[PDB]
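These protein sequences, in sequence, are chains N and F. Note that the authors' numbering numbers the first sequence so that position 127 is 2044, with each residue one more than the last. Note that the authors' numbering numbers the second sequence so that position 395 is 1957, with each residue one more than the last. Using N, Cα and C, we set each Cβ at its ideal position, and we do this for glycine too.
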Amino acid sequence: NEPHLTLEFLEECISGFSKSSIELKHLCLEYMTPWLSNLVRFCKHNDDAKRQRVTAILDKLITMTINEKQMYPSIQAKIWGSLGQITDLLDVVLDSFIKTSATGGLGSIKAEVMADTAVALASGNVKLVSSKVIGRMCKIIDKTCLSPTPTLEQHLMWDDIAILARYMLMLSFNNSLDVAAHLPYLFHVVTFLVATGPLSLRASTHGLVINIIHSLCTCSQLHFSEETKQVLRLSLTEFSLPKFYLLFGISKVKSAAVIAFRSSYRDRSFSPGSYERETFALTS
Amino acid sequence: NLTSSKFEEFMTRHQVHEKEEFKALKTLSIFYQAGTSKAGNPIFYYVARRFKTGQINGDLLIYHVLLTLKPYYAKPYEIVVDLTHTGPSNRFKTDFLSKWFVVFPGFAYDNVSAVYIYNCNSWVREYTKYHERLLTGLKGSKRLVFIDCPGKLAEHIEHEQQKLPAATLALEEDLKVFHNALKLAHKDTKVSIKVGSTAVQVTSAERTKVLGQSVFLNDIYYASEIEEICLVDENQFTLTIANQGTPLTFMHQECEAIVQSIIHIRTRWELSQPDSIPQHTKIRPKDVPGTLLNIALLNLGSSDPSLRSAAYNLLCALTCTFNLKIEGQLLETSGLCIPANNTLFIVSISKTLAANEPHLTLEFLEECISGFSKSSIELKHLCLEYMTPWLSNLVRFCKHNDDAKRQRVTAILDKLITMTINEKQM
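Structure representation (structure tokens):
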């Protein structure tokens, strides 16, 4: 019953959060969460320049998550888990994640961590985060026509597509990307990414396909007969054969998952190397 | 390249006589000749109990049976097989069973005057169905005669000459008969229950088709093997037995009378045995379902991409093996890329399982607390997230008819208090 204090209250609470000790930081979390729900009115406050204020607040929140590694399991459940139930606020929140990842770069820690955070954000509204991450990817690819380049890796927007791929990879698991409505747009982008990019990025595309098929087999909205499900289950095994490793360009790799994920992604940024890249054949 | 002549030479060439195991078979009294029958054909008695599945060499038994039948198998002979208290322990393997059809010369099979089966049970009928192909020759066999009741075999066989196993005769089925007892199960069949002095025999009152011949199944359950005796209600009682999964339920007008006798028989056994308290120290996988679930959930939020997949597959097996009910769907797979931020998914599963699976609470929390100390600083926070929902389920256990389960929760509470003292930061 006091929304107007939200803006000034939250700004101070975040500033005091950093100075507090580990034990006192937990207290800040307990009473900070209720205020978060009041940003709905302020986020669209007649564009009175108060909207710019909330964006600053979100950037501050992102910085705390990056640093508070030990308290990561609780920040997602309380801050991001609850923050993901505000439909009107999802659009602005997602943009900040993309901008934050953009500044860091493709291999930066900042972009890697924001991908993890999006999993909690999409949990509240799968139907909206899934239908909003794909739409941006389709437009970045559609904007490469303005400045044609010999190859995608040499295009200016290459980093934007690469970072957006990591977000889709994380959202694929456990049917967090709505295949039942976005399947046509998933293959369209998979074809433009197969066997393109560094070995880390090439294994990512293979994992994405493996998870899209699994979601289909474990989807309740669709009612596939038992005959059809057998074909899908066989298809899942086929894509895991060494034959497809060469097709995707990940031959000589025992497991795609190991290459796709890196354990020390919070301490240090990714260090791409071995720029020598295999070729692709349109028959593949 | 095996035949009766070849097999005989190998055993004769082999020094089976001095192995000291062939002599033991004589002590075990397996397939021993006992007088004759009405027609005068020799009688043999094979005891299923005396034969272990693998503890003894299969060749030695065949030679012993062949050696005893060698002098007399030329003439017509009668063989009686004792299948009393038949169990999975005493059985013939698929490969081992086949040899009997070929090892013998073949003309002896025609000299099988008659076959008598006594105290048959359902397991044997179940075994026959699985091994029907091998036993197809015996399907609808005229030589197979089923002893529906003890009073019929004595007529067909020469009385005062039959030499059935002493242990079988010891029971004698000479105890109270609780006629008109109904075996409540997927199918209802009238069963006559006898509370024997040392065992309980359930004799079906409806004939059953075994190899195309009508017979009454007679399952026998030793009193010592009746670990649990629960009288749920006067309408029906529960009798759980070792490694039988769901217990056996029957309907009788006076269940307590049957249960009282079973308890009375069981209580006497406790005095007879020297030391019943020393036992257990062995856990079967079914016995500890909650313990496995804690390992899968604990490792699902790990930081190793190659360990999350292994935990997920283990979780998939657990639901199917134990028929766990979940909101979504799980499909076993290899090569799945599970993200590191596997936090919200784990918590949803625990809430659903906790909500509609209270009985796992006691075993779930006991394991979860023990793992809490071993877990890392970050992983300790995960243990908190999914542990809380189960705590609600203790409401029923606190007053569980003071069955000594109340003592368990007190240990759990003491464990929780210790965590608070040490986890100052949390």
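The C-beta of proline 1951/F comes no closer than 8 Å to any C-beta of chain N. Each residue's CA atom was taken as its position, placing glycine 1933/F and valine 1757/F some 47 Å apart.
Secondary structure in the segment 1666-1715 of chain F: the alpha helix (DSSP H) runs of 4 residues or longer, each lying completely within the stretch, are 1669-1672 and 1684-1692 in chain order. By the neighbour-count criterion, in which 16 or more other beta carbons inside 10 Å mark a residue as buried, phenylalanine 1669/F falls on the exposed side.
Taking 8 Å as the upper bound for CB-CB distance, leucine 1645/F and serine 1703/F are not in contact here, some 16 Å apart. Under DSSP, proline 1604/F takes part in a beta bridge, and its partners are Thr1598/F. If you check the CB distance, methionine 1813/F and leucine 1892/F do not come in under 8 Å.
For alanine 1902/F, the nearest CB of chain N lies under 8 Å from its own CB, placing it at the interface with that chain. In the three-state scheme derived from DSSP, where H, G and I count as helix and E and B as strand, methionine 1949/N is classed as helix. Secondary structure at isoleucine 1939/N: helix, using DSSP grouped into helix, strand and coil.
Selection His2072/N, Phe2187/N and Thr2034/N evaluated against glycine 2022/N yields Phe2187/N as nearest (Cα-Cα).
In this model, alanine 1917/F and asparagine 1955/F are separated by some 8 Å (Cα to Cα).
Taking a C-beta distance under 8 Å as the contact criterion, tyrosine 1784/F and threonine 1802/F do not qualify as a contact pair. Comparing C-alpha distances from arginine 1611/F to each of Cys1945/F, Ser1786/F, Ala1973/F and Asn1652/F shows the shortest one belongs to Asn1652/F.
From the listed residues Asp2077/N, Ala1994/N, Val1957/N and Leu2045/N, the smallest Cα separation to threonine 1972/N is found for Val1957/N. With a 10 Å radius around the Cβ and a threshold of 16 neighbouring Cβ atoms, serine 2018/N comes out buried. In this structure, DSSP gives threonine 1808/F a state outside helix and strand, which the three-state scheme calls coil.
With fewer than 16 other Cβ atoms inside 10 Å of its own Cβ, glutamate 1580/F counts as exposed. Taking CB atoms only, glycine 1933/F has no neighbour in chain N less than 8 Å away.
Unbroken alpha helix (DSSP H) stretches of 4 residues or longer found wholly inside the segment 1839-1884 of chain F: 1851-1862 and 1867-1884, given in chain order.
For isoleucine 1939/F, a Cβ of chain N is located within less than 8 Å of the residue's own Cβ. Boundaries of the alpha helix (DSSP H) around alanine 2082/N: 2075-2089.
Nearest CB-CB separation between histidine 2131/N and chain F: below the 8 Å threshold. The residue among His1921/F, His1826/F and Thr1690/F with its C-alpha nearest the C-alpha of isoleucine 1788/F is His1826/F. Here the C-alpha atom of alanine 2098/N lies approximately 16 Å from the C-alpha atom of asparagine 2128/N. Around the CB of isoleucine 1782/F, 16 or more other CB atoms lie within 10 Å, so the residue is classed as buried. Where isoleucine 1782/F is concerned, the enclosing beta strand (DSSP E) starts and stops at 1780-1784. Along the segment 1899-1929 of chain F, the positions whose C-beta sits under 8 Å from a C-beta of chain N are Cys1899, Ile1900, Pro1901, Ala1902, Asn1903, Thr1905, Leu1906, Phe1907 and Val1909, read in chain order. Across the structure, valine 2106/N and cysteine 2055/N are spaced so that their CA atoms are roughly 8 Å apart. Counting only Cβ-Cβ distances below 7 Å, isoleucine 2057/N has no contacts in chain F at all, with the closest Cβ about 23 Å away. The C-beta of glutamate 1947/F comes closer than 8 Å to at least one C-beta of chain N.
The C-alpha of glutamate 2143/N lies about 13 Å from the C-alpha of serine 2137/N. Taking a contact as a CB-CB distance under 8 Å, the pair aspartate 1976/N and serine 2013/N counts as one, their CB atoms being some 6 Å apart.
Taken in chain order, the complete alpha helix (DSSP H) segments of 4 or more residues contained in the segment 1952-1976 of chain F are 1956-1959. Listed by position along chain F, the residues whose Cβ is nearer than 9 Å to that of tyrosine 1989/N are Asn1903, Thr1905, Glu1940 and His1943. For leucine 1893/F, the chain N residues whose C-beta falls within less than 7 Å of its own C-beta are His2131, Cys2134 and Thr2135, listed in chain order.
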